[PDB]
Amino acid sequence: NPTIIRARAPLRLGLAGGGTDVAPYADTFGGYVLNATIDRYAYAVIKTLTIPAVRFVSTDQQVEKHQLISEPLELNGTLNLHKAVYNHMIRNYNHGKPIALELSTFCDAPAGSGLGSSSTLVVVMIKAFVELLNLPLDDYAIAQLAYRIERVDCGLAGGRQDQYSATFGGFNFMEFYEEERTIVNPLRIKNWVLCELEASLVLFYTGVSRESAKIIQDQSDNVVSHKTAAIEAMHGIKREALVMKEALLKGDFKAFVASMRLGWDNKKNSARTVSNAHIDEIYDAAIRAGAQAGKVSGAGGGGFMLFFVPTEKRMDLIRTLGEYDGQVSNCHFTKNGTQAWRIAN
């Protein structure tokens, strides 16, 4: 009789500092990110099989099937992440002996949403295997493994914050240094501050961003090619992540919104495609309706936007955003990181 495992990991809002976690910047100056997990999840399922095969199923429903071999699976460009997590687990915890199983994923947000889904999906696949094989991997180790699987094994360029939000959960201030050294600072925010923040945030999905890889490439180039003004914009991204972190610990909403405004300007100045005229139209309209600050959640170029609005103008802002292309949502934070459960055996 088969075993069925599921795992989930929360997606995240980037509140401040995104862009300082790109490789050249973090390694050279040190990065800061402030982020927080929300009520939307990536999921992985492992089902053991009775036939001698391995099957991989993805969120946009790609599907690969292989027979049982004592060789690592080739990373041929179809479902490389699923195959790489599988390869790592078989090599390191099953003495290279294949396991007949189906590894499937799905997600509450599509690719390009600005919610860290790509890396959250790797975390959740790892967490399902942690449950399957009863592995003693702690949170730092799961997040580091996810990072290595995606960026080294699979050679995919990107940031360093999403692995940690998906694993740890809650509100975190992260410090990124050279040689893969990351410090996660879980923030002990007062209950009234959390309720006030949720009461003042409105989320707006603008559509799929296709700029992430480009923006991250540009931000990396800023440092490597010594683009002075753009590097200074990134230094401002960093400074404001710390100001925003302190504002939250102090329950200082005036400083929070001032820091989001300055941070949004810096983020736009760091890479050309972070914003565009369409996003700027939405932003301007939100501000007109009474929003005090806002930003694009991930690298930029589309995906989710978030707005800070005083409660007396919240419904006005909600009404206005209805006039634009996209979907409005409230913002609800989650405190828990990745978790797994069993359905059969």
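A residue's number is simply how far along the shown sequence it sits, counting from 1.
Comparing 180-188 with 222-230, which has the greater mean CA B-factor as deposited? Taking the mean C-alpha B-factor of 180-188 and of 222-230, the larger value falls to 222-230.
Could you check the entry and say whether 118-126 or 148-156 has the higher mean CA B-factor? The deposited B-factors put 148-156 ahead on the C-alpha mean.
Highest Cα B-factor in the deposition, which of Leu11, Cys331, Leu321, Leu15? Largest recorded C-alpha B-factor: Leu321.
Between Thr167, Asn92, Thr105, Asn266, which one tops the list for C-alpha B-factor in the PDB entry? Max CA B-factor in the entry, restricted to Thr167, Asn92, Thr105, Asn266: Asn92.
Based on the entry's values, in what third of the chain does the Cα temperature factor of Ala7 lie: lowest, middle or highest? It falls in the bottom third of the chain.
Divide the modelled residues of the chain into thirds by Cα B-factor and specify which third, lowest, middle or highest, holds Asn35. Lowest third of the chain for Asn35's C-alpha B-factor.
Chain thirds of CA B-factor: placement of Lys295: Lowest third.
What third of the chain does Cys195 rank in for C-alpha temperature factor, lowest, middle or highest? It falls in the bottom third of the chain.
State the tercile, meaning the lowest, middle or highest third, of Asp139 with respect to the CA B-factors recorded for its chain. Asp139: CA B-factor falls in the lowest third of its chain.
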